[PDB]
Structure formats: structure tokens, C-alpha cells
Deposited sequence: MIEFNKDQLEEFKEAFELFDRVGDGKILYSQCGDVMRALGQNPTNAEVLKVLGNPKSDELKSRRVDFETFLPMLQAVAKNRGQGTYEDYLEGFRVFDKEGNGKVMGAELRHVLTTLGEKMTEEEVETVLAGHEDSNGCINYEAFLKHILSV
């Protein structure tokens, strides 16, 4: 990261500071990385965080200076498509099946996140053009 990047990233970090002390929680570090263009797994986020315990994850606060090496560490299309073709081979995906797998397998999300991301992408049959949905979620 260059000086301009470091300044923009620090500003973004401060936007996530909900207490005014210039810090975020451990649990926000991943969110900041994702807002900054990273796509870390929850496991990767905890690893760069040092596998924190529940208590410090929920209440311990860290400033930008400790986050930055973590962002660096995380930082340092055809698979995405095949990954969606997993849940298909006519280029569609059931809305019920995608909802079930996203809320019940892997790093399970909430029903509201899945409804939000899936909103407007499924048709009347309950099929999602996943190539279009993928372009949408990658923009």
C-alpha cells in the first residue's frame, strides 16, 4: 500500500469506529478488509487476528495501526462460476436450494443477508441467472 492507499484505508477504518477513539473491534476487522476489497474467510480473519477469544472479539477494541498488518497479511472468475454451477446444467439455480445451502452450509449467513443479496435476481420459477448474479456481486 502507498501513502494514498494508507490514508484512504485509515479514513475507512475511522468510519467503522463507533466510539470515537479511532479504533474498531476485532469482529469489525474482517468487515473493514471486505469493504477495502479483500475477500477473507472468517477463518483467515481470525488467523490474522490471532484466533481471538469470544470476549475480546466482542469487546476488545483495536486501532488502525494493528489492523493494517492484518489487512496486508490477508491481501498477501471461472472457479466462482463453477462454484455456482455446483448448485445448478441450464444456467439456473433454485431460490430455495441456494437459500438453504447459503444459510445451512459452509460459513452460514443469516436469512436476511441471503434475502438481501438474492433480491431481484430470481425469476418467477425461482431461478437465478448465476452468471449475472456473480457479475453483480463482484462489481
Compare what was deposited with what's modelled and send me the C-alpha-less stretches, numbered from 1. 1-3, 80-85, 98-99, 151
